[PDB]
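For reference, the structure discussed in these notes is given below.
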Amino acid sequence: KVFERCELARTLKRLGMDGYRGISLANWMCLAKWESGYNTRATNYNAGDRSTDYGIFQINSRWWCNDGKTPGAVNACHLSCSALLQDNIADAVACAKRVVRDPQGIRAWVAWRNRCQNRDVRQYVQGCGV
């Protein structure tokens, strides 16, 4: 499913992401925009280390979800990677909460450091009534 911007903002709000480990909703919205363009079906295979990034947050199969074909997989979210390609994002959100409980927090996603850190990200939630 490709979410509309404010549709996603209200869904993340309902799922308890606003201020989760000190991370505002606008920061989570900036991350989903640049990771997938708010598309739950997004996958990206990384040929160099043989891992794939899944779903709206592009969560990686080496560390977080299990797809059975990645070398060294840890599966810290204890989730099948197919659970991150659903239209329903409650599982992708429970795994994203797990990722940021590590000390790096949202910095775990490089795309957040490149496109969202130290920028004004408030336009991602403006007008959504969130």
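Don't overthink the numbers, they just go from 1 along the chain as shown.
Every residue gets a Cβ built from N, Cα and C, even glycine.
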Of the candidates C95, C116, the one Swiss-Prot records in a disulfide with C77 is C95
According to Swiss-Prot, the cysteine among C116, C128 that forms a disulfide bond with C30 is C116
Least crowded of the disulfide-bonded residues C81, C116, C128, counting other Cβ atoms within 10 Å of each Cβ, is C128
CA-CA within 10 A of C65 (disulfide bond), subset of recorded positions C6, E35, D53, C77, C116 in residue order, equals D53, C77
